[PDB]
Every structure is written in structure tokens, then in C-alpha cells.
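Asker: In order, the protein sequences belong to chains A, B and C. For what it's worth, PDB author numbering labels the leading residue of the first sequence as 1411, then goes sequentially. For what it's worth, PDB author numbering labels the leading residue of the second sequence as 201, then goes sequentially. For what it's worth, PDB author numbering labels the leading residue of the third sequence as 31, then goes sequentially. Note that the Cβ used here is the ideal one computed from N, Cα and C, for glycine as well. The structure's right below; bear with me while I get my questions together.
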Amino acid sequence: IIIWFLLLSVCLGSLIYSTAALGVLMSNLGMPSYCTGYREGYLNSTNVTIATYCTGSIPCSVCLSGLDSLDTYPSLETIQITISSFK
Amino acid sequence: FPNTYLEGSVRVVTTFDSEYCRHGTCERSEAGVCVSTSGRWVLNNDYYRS
Amino acid sequence: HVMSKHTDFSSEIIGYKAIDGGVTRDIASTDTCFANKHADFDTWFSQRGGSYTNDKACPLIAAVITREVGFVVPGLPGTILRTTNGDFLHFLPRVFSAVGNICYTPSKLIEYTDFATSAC
């Protein structure tokens, strides 16, 4: 029962990896391919973050792997800190 | 942020018995009035009073 | 992804500033690591005798520019521009020449030298 679902998840992950490999081959040799649309739309878009552009979709994020994004900077964060109370 | 009545080189502020927070830093202060000769951040506590 | 260097808008830049913890701050020669996207910053820092190592876990470098470049994103200082190669850039536009790093009060805008000891 559970084994069938695990195998389905493995096959879906393998298909996603195949699409990622196709995208890598595209970035290396061109290329008119599966991942052209997402990257072409994202390059001209004003969305500095991938979360708002891809809306959390897995294939869109997979096609966009390898490009610079605002989310890559950890120094822009600011952890809220409570100062010392008293003596 | 607390209410203020003068801004610039010299500042005057008023506080209540509640904690105030700014960007990345929250602090606790008591009600009162403070006067500063410089435009630095001011709150009513022993640390700033020293 | 590996950061790259670009030289666009080099003639419009007066100086450079550092962004640490989401707040812009001045640069000192004792700092040892930065995240950089510009090549002229190497000449800017070498003339002062400084050396550094590039890493993503270090304060970013932003250039003070006299030309309105990029667009404003809420929550981020200055302006953000994306290169033709996909890399992003940061700049500090200004209206008047006497500008360092400016922070926002709820009513007015006041310059500061240190965020920890200012009305920011």
C-alpha cells in the first residue's frame, strides 16, 4: 500500500530531475526547450523574489534554479532583539 | 514609538508604563519625561539615565 | 549560483556604502569580508590598502549614484536593479549632494552615523 505511494513519489521526483537536466542542457546549449518560458518571463518581470513569481509551484522553481535572486542574501534579515531589562 | 514634542539637535519625549519597540530592538521603559542634548535614542530607564 | 562583477553605470558613482543587518552603515578598513557585485570597488578598496574575501554571509556593497536607477521595493533600502544577465544590483539615489545614509522617522527624514545611537 504505502510502497506504491513511495514508488509514485520516486517516479515523480525522477521526472522532475529529468526536467532539471533538460534545463541544464538548455542553459549549456541554447536552447528552445521546456524551461524557456519561466525564465524568459522571470527575467523581464519586476518580481525580485521567486516565491511571488512561481507561487510555490515545483516545476517553476526547478526551471529557475541557478539564477540570482533577492532571497539569496541572508544579511538583509534583521532578527528582533529584546534589550536587557534591569539591574 | 513614544510621543515627542521637539525633534532635532535637542529632543523631548514622553513615555508610558509599557515597552516600546523599534527596528530590530524592543525595549522596556517607565512612564515619565526625558530631555536629551543630542538626537540619540532616549528611553526612561536606569541605563539611559546613567 | 556564483556572483559576478559588472561595471555598468560606473561614471555615475561617487562612492560605496555597506549594508549590514538590513541597515546601511559606513565602511571601515578593518572589515574583512563583503558580498560584492562591482569591479571598481576593488580599486576603491585597494587605494585605501584594504583586502577582503568574497562570501554571501557578509555585508553587501552598494554604490552611491547621482542618477535615478532601478525601482523601489518595500522593506529594502535604496533601489534595486537587475542586470541583463539576471544578477541584481543595489544603489543609493540622492536628491542633494550632502547625503550620507538616511533613515526614516515616522514624521521626517534625518541622517545618522550609527543606527544603534540615532533616532532612526
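What does DSSP give as the partner residue(s) for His36/C in the beta ladder?
Answerer: Taking the first residue of the third sequence as 1, we reach residue 36/C at position 6. According to DSSP, which records beta bridges pairwise, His36/C is partnered with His68/C.
Asker: Could you name the residues of the segment 72–96 of chain C whose beta carbon sits closer than 8 Å to any beta carbon of chain A, in the order they occur along the chain?
Answerer: Result list: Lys86, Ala87, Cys88, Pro89 and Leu90.
Asker: How long is the line joining the alpha carbons of residue 1501/A and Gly52/C, rounded to whole angstroms?
Answerer: This structure cannot speak to residue 1501/A, because chain A is shown only from 1411 to 1497.
Asker: What do you get for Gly1433/A, buried or exposed, if any count of 16 or more other CB atoms within 10 angstroms of its CB means buried?
Answerer: Position 23 of the first sequence, counted from the first residue, corresponds to residue 1433/A. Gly1433/A should be labelled buried.
Asker: Please classify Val242/B: is it buried, with 16 or more other beta-carbons within 10 angstroms of its beta-carbon, or exposed?
Answerer: Here the question's residue 242/B lines up with position 42 in the second sequence. Flag for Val242/B reads buried.
Asker: Distance, Cα to Cα, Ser1495/A vs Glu230/B?
Answerer: Taking the first sequence and counting its residues from 1, the one referred to as residue 1495/A is at position 85. Taking the second sequence and counting its residues from 1, the one referred to as residue 230/B is at position 30. Taking the straight line from one Cα to the other gives about 11 Å.
Asker: CB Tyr205/B to CB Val212/B, shorter than 8 Å?
Answerer: Here residue 205/B is taken as the residue at index 5 of the second sequence, counted from 1. Here residue 212/B is taken as the residue at index 12 of the second sequence, counted from 1. In this structure, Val212/B lies closer than 8 Å to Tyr205/B by Cβ.
Asker: Kindly indicate if chain A contains any beta-carbon less than 8 Å away from that of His68/C.
Answerer: Position 38 of the third sequence, counted from the start, is the residue given in the question as residue 68/C. False, the Cβ-Cβ gap to chain A never drops below 8 Å.
Asker: Spatial neighbours of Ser1471/A within its chain, please: CB distance less than 7 Å, with the 5 preceding and 5 following residues excluded, ordered by chain position.
Answerer: Here residue 1471/A corresponds to residue number 61 of the first sequence, with the count starting at 1. So the qualifying residues of the chain are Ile1460 and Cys1464.
Asker: Around the C-beta of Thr54/C, are 16 or more other C-beta atoms found within 10 angstroms, so that it is buried, or is it exposed?
Answerer: In the third sequence, counting from the first residue as 1, residue 54/C sits at position 24. Counting Cβ neighbours within 10 Å, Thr54/C comes out buried, since at least 16 surround it.
Asker: If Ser148/C sits next to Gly224/B, beta carbons under 8 Å apart, how far is it from one beta carbon to the other, in whole angstroms?
Answerer: The residue given as residue 148/C occupies position 118 in the third sequence. The residue given as residue 224/B occupies position 24 in the second sequence. About 13 Å; that fails the 8 Å criterion.
Asker: For the beta strand (DSSP E) that contains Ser236/B, what are its first and last residues?
Answerer: Position 36 of the second sequence, counted from the first residue, corresponds to residue 236/B. Start and end: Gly232 to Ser236.
Asker: Going straight from the alpha carbon of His36/C to that of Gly1447/A, what length do you get?
Answerer: Taking the third sequence and counting its residues from 1, one reaches residue 36/C at position 6. Taking the first sequence and counting its residues from 1, one reaches residue 1447/A at position 37. Cα to Cα, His36/C sits roughly 26 Å from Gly1447/A.
Asker: What is the DSSP secondary structure of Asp50/C, reduced to helix, strand or coil?
Answerer: Here residue 50/C corresponds to residue number 20 of the third sequence, with the count starting at 1. DSSP, read as helix, strand or coil, puts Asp50/C in strand.
Asker: What residue range does the alpha helix (DSSP H) around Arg1449/A cover?
Answerer: If you number the first sequence from 1, residue 1449/A lands on position 39. From DSSP, the alpha helix (DSSP H) with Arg1449/A extends over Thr1446 to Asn1454.
Asker: Are at least three pairs of beta-carbons, each pair with one atom in the segment 118–129 of chain C and one in the segment 87–96 of chain C, less than 8 Å apart?
Answerer: yes
Asker: Given a limit of 7 Å on CB to CB distance, which residues of the segment 235–249 of chain B reach chain C?
Answerer: When C-beta distances to chain C are compared with 7 Å, the residues of the segment 235–249 of chain B below that value are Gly239, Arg240 and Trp241, in chain order.
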